[PDB]
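What follows is a short report on a single structure.
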Amino acid sequence: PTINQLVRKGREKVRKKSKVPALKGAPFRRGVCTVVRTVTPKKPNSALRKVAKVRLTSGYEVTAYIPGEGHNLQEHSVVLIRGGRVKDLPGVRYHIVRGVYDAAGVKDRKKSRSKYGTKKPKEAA
Amino acid sequence: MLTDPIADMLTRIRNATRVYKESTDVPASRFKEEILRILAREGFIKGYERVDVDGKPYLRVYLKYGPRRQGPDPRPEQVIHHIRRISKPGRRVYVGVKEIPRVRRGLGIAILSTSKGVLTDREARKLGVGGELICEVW
RNA sequence: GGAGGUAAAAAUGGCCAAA
RNA sequence: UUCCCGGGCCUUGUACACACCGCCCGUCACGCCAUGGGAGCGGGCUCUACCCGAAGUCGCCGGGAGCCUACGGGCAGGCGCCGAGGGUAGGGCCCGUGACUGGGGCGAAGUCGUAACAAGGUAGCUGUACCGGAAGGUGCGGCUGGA
RNA sequence: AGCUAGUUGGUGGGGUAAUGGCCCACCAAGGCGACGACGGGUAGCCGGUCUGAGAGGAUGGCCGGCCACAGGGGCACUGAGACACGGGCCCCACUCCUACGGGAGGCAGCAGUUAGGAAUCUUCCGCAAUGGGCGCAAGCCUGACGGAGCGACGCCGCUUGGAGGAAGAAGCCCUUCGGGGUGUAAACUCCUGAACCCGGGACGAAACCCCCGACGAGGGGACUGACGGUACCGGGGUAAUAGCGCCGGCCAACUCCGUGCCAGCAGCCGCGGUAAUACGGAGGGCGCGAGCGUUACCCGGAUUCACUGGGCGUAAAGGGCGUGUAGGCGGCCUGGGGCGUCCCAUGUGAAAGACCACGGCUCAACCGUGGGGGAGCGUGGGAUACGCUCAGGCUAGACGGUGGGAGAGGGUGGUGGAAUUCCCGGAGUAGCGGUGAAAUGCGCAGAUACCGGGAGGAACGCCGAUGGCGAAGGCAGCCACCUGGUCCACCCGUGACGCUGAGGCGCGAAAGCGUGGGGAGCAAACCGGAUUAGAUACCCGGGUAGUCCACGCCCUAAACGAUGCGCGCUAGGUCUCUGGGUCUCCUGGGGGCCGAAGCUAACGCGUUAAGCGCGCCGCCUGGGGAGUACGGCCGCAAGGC
Ligand SMILES: NC[C@@H]1O[C@H](O[C@H]2[C@@H](O)[C@H](O[C@@H]3[C@@H](O)[C@H](N)C[C@H](N)[C@H]3O[C@H]3O[C@H](CO)[C@@H](O)[C@H](O)[C@H]3N)O[C@@H]2CO)[C@H](N)[C@@H](O)[C@@H]1O
Ligand SMILES: [Mg+2]
Ligand SMILES: [Mg+2]
Ligand SMILES: [Mg+2]
Ligand SMILES: [Mg+2]
Ligand SMILES: [Mg+2]
Ligand SMILES: [Mg+2]
Ligand SMILES: [Mg+2]
Ligand SMILES: [Mg+2]
Ligand SMILES: [Mg+2]
Ligand SMILES: [Mg+2]
Ligand SMILES: [Mg+2]
Ligand SMILES: [Mg+2]
Ligand SMILES: [Mg+2]
Ligand SMILES: [Mg+2]
Ligand SMILES: [Mg+2]
Ligand SMILES: [Mg+2]
Ligand SMILES: [Mg+2]
Ligand SMILES: [Mg+2]
Ligand SMILES: [Mg+2]
Ligand SMILES: [Mg+2]
Ligand SMILES: [Mg+2]
Ligand SMILES: [Mg+2]
Ligand SMILES: [Mg+2]
Ligand SMILES: [Mg+2]
Ligand SMILES: [Mg+2]
Ligand SMILES: [Mg+2]
Ligand SMILES: [Mg+2]
Ligand SMILES: [Mg+2]
Ligand SMILES: [Mg+2]
Ligand SMILES: [Mg+2]
Ligand SMILES: [Mg+2]
Ligand SMILES: [Mg+2]
Ligand SMILES: [Mg+2]
Ligand SMILES: [Mg+2]
Ligand SMILES: [Mg+2]
Ligand SMILES: [Mg+2]
Ligand SMILES: [Mg+2]
Ligand SMILES: [Mg+2]
Ligand SMILES: [Mg+2]
Ligand SMILES: [Mg+2]
Ligand SMILES: [Mg+2]
Ligand SMILES: [Mg+2]
Ligand SMILES: [Mg+2]
Ligand SMILES: [Mg+2]
Ligand SMILES: [Mg+2]
Ligand SMILES: [Mg+2]
Ligand SMILES: [Mg+2]
Ligand SMILES: [Mg+2]
Ligand SMILES: [Mg+2]
Ligand SMILES: [Mg+2]
Ligand SMILES: [Mg+2]
Ligand SMILES: [Mg+2]
Ligand SMILES: [Mg+2]
Ligand SMILES: [Mg+2]
Ligand SMILES: [Mg+2]
Ligand SMILES: [Mg+2]
Ligand SMILES: [Mg+2]
Ligand SMILES: [Mg+2]
Ligand SMILES: [Mg+2]
Ligand SMILES: [Mg+2]
Ligand SMILES: [Mg+2]
Ligand SMILES: [Mg+2]
Ligand SMILES: [Mg+2]
Ligand SMILES: [Mg+2]
Ligand SMILES: [Mg+2]
Ligand SMILES: [Mg+2]
Ligand SMILES: [Mg+2]
Ligand SMILES: [Mg+2]
Ligand SMILES: [Mg+2]
Ligand SMILES: [Mg+2]
Ligand SMILES: [Mg+2]
Ligand SMILES: [Mg+2]
Ligand SMILES: [Mg+2]
Ligand SMILES: [Mg+2]
Ligand SMILES: [Mg+2]
Ligand SMILES: [Mg+2]
Ligand SMILES: [Mg+2]
Ligand SMILES: [Mg+2]
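Protein chains in written order, with the deposited numbering: chain QL, 5 to 129; chain QH, 1 to 138.
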């Protein structure tokens, strides 16, 4: 554009929108599940991923992913939403923090315990 | 209608250096003579002279080139690699004495108009005037 | 000799997968 | 050597490249999500008109009635305008919700056909108009992104 | 996209410490708005903070400055100062007390409770210091403050030892079994010594006060510490927490076993369906280390809104075309002003923060003291090249004049011939049409082939082209009228009169719409005959809107050169259209091809640029959703922007 056009119209800012609507960018949100089930992934994959429809403290109701192997989440279990989507699950853009109020840590887990919320095991060594 | 007669003169020269001509005719004006005088004092051209073309005043700018190279593409090197206008009529550029650009660590010049007259980046910085940054020549 | 120029046929091929 | 099958050289077209046993289009069936319309319903903000209108400043009276140390005075008190707010009515914007309904995105292997890419077997595309389960067909005109 | 009743101005008043419609009475009809009023949404603002090479982008928490509020709302009183946070009045909501009629309360002060939330502290100590109020003073008050407490929340410092030590124990992992790795790692030997125990023990404090001196200057004397018996010094003295993430590429770190598109991982690309360095565990390794990872948010990378610093033939992007309003930009010469612009001087640009030095805490974090200019703005003085303005002059731009030229440029009226269809007449037969082949169809009711006459509508063969004209759509028989654009020669006149152009206005193929007319051929829809598994198609026979005219709408397109307009410069060769000349040849306008330099991602472009530059407008910012929905405007509708 010309210099006369820039002083008239100007340049537009980017203003990127959030990929996670957590009410002003809250890092975490507490909520209770409504239904616990499994959904199929996209074409490049095939399995039964454990998810849960969580109704949080803000009226919203979005499904979240349950990581690890084995859980204890029920229809009336309170969880904590973390964030981050699942590439293979359409609609799932959140994760459930393991080790919170009603979400227990992965049993027999030893490598990555900061994630999945597992305590430090002690075997006299 | 020559919206920018100063930048047009710089392009008549730029179009002649790529075709390697001896001289080219540019419209006559006292301000354009001050620009060509700096180009001749700095050693970018051989000089100029007030000529007459069909009864109209013109200025023949004798171009300057380097020695004839060897091998493929023996075209001689340019003494004026590129000349372009900075302060355009659509966006006027005015600089002081501290806000003067350094053209190639001093290897190139920057012609700019001041109240004292048409000076270079070195002359205007020594006299401490500055003004409208006309053009940079590298 | 330069343009204007000739159709009778006939559908389909599961998903993912080698620097 | 026209035709059927396979093959060689050059050229031409391609949206094919696990390479035409290729690619690919739309409808229909099922599931998830968001969104438009929808008899309407509910809430929030705001605007206009009028009715009532506390406290209080200001203005008038202070008299058939009050208190005062100087009285052509002061105070109490009475009236009036404005006025928080409340009420009635009608509008403006925004949001939530609603039987039903429209189209949309997304979801390994469901049904129907062959539209396009090789003159894709009717060159293709395109604006408009009509028709048709569906891609789409046809009319009029245009384009080379065809010969 | 329009807004405005105290609305804009005047006069006279009320009120104020004081101007002002701040409020009132009368008068005038004004005031604001694309330079974005009005309205909606969000938000306290700044010094600064974070990021960034810079320009910029993001942000306003501690600290400092200003503003605004003190349960929501209104109001005044006192007062130098308040419409007052711990003053007053009233209304509302809530809480408490009531002898039931009428009373009290306002943590957004310090702590602390409850609720909300992912989450944010002690109902601590002292007025010793600094500061504030009152008091002459003694002194009182001070949840300001100075401190202590909780919390890896951040930054900085420090410890979990140091030196030896096996060709290299045990266990565990790998293996080709020969061995390799954990690994000087461990045990073990010496040395030091964080913790802890004992003793000492502050700086921060000097005045106010008291004496000499005149309760002044000057000199002398005394009192006072929360932190706290903390820091710190000295002596003695124990080998004394390590965790977290990752190891397919990006990206540093590789092997075994278990599972087998299951379980699972995943920031992007993507791994897993029987030998996975990508899942889970093991060993080993890599990176950090009282931290390490995850989520959320800001900047960067992103030159991916491009001022520095981007693009639009085919990737996203040139408006369908023109005419023009505002605006933006503008040829050569001479002076006046000095607005922009530049220089100098001066004031301001608080402190803190940032930067550079030096220094205080044993170092650092932190903190103290110096130094350096910013940017902007006010004032005085100077410079005048350029941009601006004023005045004068000029001709190369632009327009005009005189004489000529070509053209399907447009509108109006008239007019010609060929061909098709139908009607009439004559002659004449047993088929004609149509296809790949057929069949519907037409035909002994006299069809098709032929001659003659008539009617009517539409389009104009040859010329004709790779041609011309127009801004675009678009324009083709012939004649006339009205009328637009354009080119050349003469250099005759005006004299900067110029370019572009948001908006507006006009034109705008085909289709479609309204009213009236017309309707020969063709032909959506429709009906038949074929084809096919099916044919709502392709082929064939019929056929209605429409195609045609007038007037009025509709505003779209592959409206294309997918290339906005104007100007200047940069080799040519060749064909062609059309003017001029001392018409061999030169020169000007226009339409093509091949191509110097150059440009391009390539194809290609290349004086008819997509090259080199300037001015102005329009448009792009990954794909689908989608040119959709909502709203607005336009339209009879279809529908358009
Ligand atoms: N924009 C998406 C739209 O998809 C449309 O197509 C949609 C359907 O037509 C299509 O359905 C396809 C079908 O075409 C095809 N012949 C068979 C196939 N199994 C179907 O697949 C669909 O359905 C199955 C379950 O039945 C799903 O598991 C699968 O994810 C889905 N793609 O799948 C699409 C939706 O996933 C059109 N292509 C078009 O309008 C557009 O591309
Ligand atoms: Mg959320
Ligand atoms: Mg897979
Ligand atoms: Mg992992
Ligand atoms: Mg099928
Ligand atoms: Mg296939
Ligand atoms: Mg697969
Ligand atoms: Mg051969
Ligand atoms: Mg096929
Ligand atoms: Mg393939
Ligand atoms: Mg709705
Ligand atoms: Mg009296
Ligand atoms: Mg009211
Ligand atoms: Mg509604
Ligand atoms: Mg719906
Ligand atoms: Mg087709
Ligand atoms: Mg096809
Ligand atoms: Mg076909
Ligand atoms: Mg066909
Ligand atoms: Mg086809
Ligand atoms: Mg069509
Ligand atoms: Mg049809
Ligand atoms: Mg056309
Ligand atoms: Mg008034
Ligand atoms: Mg706010
Ligand atoms: Mg940068
Ligand atoms: Mg409160
Ligand atoms: Mg007073
Ligand atoms: Mg107060
Ligand atoms: Mg209080
Ligand atoms: Mg408190
Ligand atoms: Mg809670
Ligand atoms: Mg004190
Ligand atoms: Mg004091
Ligand atoms: Mg304190
Ligand atoms: Mg061993
Ligand atoms: Mg050691
Ligand atoms: Mg002391
Ligand atoms: Mg004294
Ligand atoms: Mg010691
Ligand atoms: Mg890491
Ligand atoms: Mg590596
Ligand atoms: Mg294995
Ligand atoms: Mg990995
Ligand atoms: Mg692993
Ligand atoms: Mg970023
Ligand atoms: Mg940037
Ligand atoms: Mg730029
Ligand atoms: Mg770009
Ligand atoms: Mg395209
Ligand atoms: Mg394009
Ligand atoms: Mg165009
Ligand atoms: Mg103008
Ligand atoms: Mg000028
Ligand atoms: Mg000036
Ligand atoms: Mg400062
Ligand atoms: Mg030091
Ligand atoms: Mg007859
Ligand atoms: Mg017969
Ligand atoms: Mg006849
Ligand atoms: Mg003349
Ligand atoms: Mg003049
Ligand atoms: Mg114009
Ligand atoms: Mg039209
Ligand atoms: Mg038409
Ligand atoms: Mg028509
Ligand atoms: Mg119709
Ligand atoms: Mg009609
Ligand atoms: Mg017909
Ligand atoms: Mg078939
Ligand atoms: Mg037909
Ligand atoms: Mg075209
Ligand atoms: Mg066109
Ligand atoms: Mg276009
Ligand atoms: Mg030419
Ligand atoms: Mg080249
Ligand atoms: Mg070319
Ligand atoms: Mg334009
Ligand atoms: Mg459309």
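Beta carbons are placed, not taken as given, at the ideal position from N, Cα and C, and that holds for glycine.
| query | result |
| --- | --- |
| Do you know whose CA, among QL:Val101, QL:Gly87, QL:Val36, lies nearest QL:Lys23's CA? | QL:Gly87 |
| Closest by CA to QH:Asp52, which one among QH:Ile45, QH:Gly131, QH:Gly71, QH:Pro27? | QH:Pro27 |
| Just to confirm the assignment: which complete alpha helix (DSSP H) runs, minimum length 4, are found wholly within the segment 19-89 of chain QH? | 30-41 |
| On the three-state DSSP scale, how would you describe residue 161 of chain QL? | Past the boundaries of the shown model lies residue 161 of chain QL; chain QL is included only from 5 to 129, so the question cannot be answered. |
| Let me check understanding here. Comparing Cα to Cα, which of QL:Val11, QL:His75, QL:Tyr120, QL:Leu93 lies closest to QL:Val40? | QL:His75 |
| Just to confirm before moving on: does the CB-CB distance between QL:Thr61 and QL:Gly29 stay below 9 Å? | no |
| Is it right to say QL:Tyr98 is buried, meaning 16 or more other beta carbons lie within 10 angstroms of its own, or is it exposed? | buried |
| Quick check on the DSSP output: what are the complete beta strand (DSSP E) runs of length 3 or more inside the segment 95-128 of chain QH, in order along the chain? | 109-114, 117-119 |
| What's the C-alpha gap between QH:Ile100 and QL:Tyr69? | 60 Å |
| Exposed or buried, QH:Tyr48, counting other C-beta atoms within 10 Å across all chains shown (16 or more means buried)? | buried |
| What residue from QH:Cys135, QH:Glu132, QH:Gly55, QH:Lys116 has the CA that sits closest to QH:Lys126's CA? | QH:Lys116 |
| State whether the segment 22-38 of chain QH contacts the segment 72-80 of chain QH, with contact taken as three or more CB pairs (one from each stretch) at a distance under 8 Å. | no |
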